[PDB]
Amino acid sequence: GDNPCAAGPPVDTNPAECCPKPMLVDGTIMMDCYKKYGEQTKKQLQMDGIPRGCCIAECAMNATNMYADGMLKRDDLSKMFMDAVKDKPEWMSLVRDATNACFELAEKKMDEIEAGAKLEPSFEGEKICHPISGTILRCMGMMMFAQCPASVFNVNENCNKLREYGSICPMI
């Protein structure tokens, strides 16, 4: 109420339930990649210093042929994202804009990202992945959740509260 951001998010409320976000990357490929590199990404989240590249995302862009030679193929990736919403026009504008927004966001921190790409293993068998893939993929999901079209949002007291929280609390 008064301080609504105090309580925090609604409990049994999964944002993927509330907002049926289209699959920009094949879901089977993404879960495969998660099963393989999920534990490493979880560890790296707790490491200090330059953020380390997400190997889940880099796995996903390898498998879809969008990452190669330290380079993520912007035009090819953008087109894959549009193809994923070819049956969802309510998302087409949004997916287009998020794409450019996310690529431009990466460009602003490109120095940090490239630094991240150049790290050496901190330990035994550390896979050093280029952070570009995970920057784009996390950016997209966030851009999309945060701007979920009203026409697709799932309406219920907890999804409505999750929406109220995420829309108001970040600014106050």
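We number the residues from 1 along the sequence you see.
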Query raised in the report: Can you tell me which stretch has the higher mean Cα B-factor, 95-103 or 73-81?
Result: 73-81
Report task. Going by the average Cα B-factor in the PDB entry, point out whether 51-59 or 121-129 comes out higher. Result -> 121-129
Query raised in the report: In terms of the chain's CA B-factor thirds, is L24 lowest, middle or highest?
Result: lowest
Requested in this report: Check where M30 lands among this chain's C-alpha B-factors and tell me if it's the lowest, middle or highest third.
Outcome: lowest
Requested in this report: Sorting the chain's modelled residues by C-alpha B-factor, tell me whether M66 ends up in the lowest, middle or highest third.
Outcome: middle
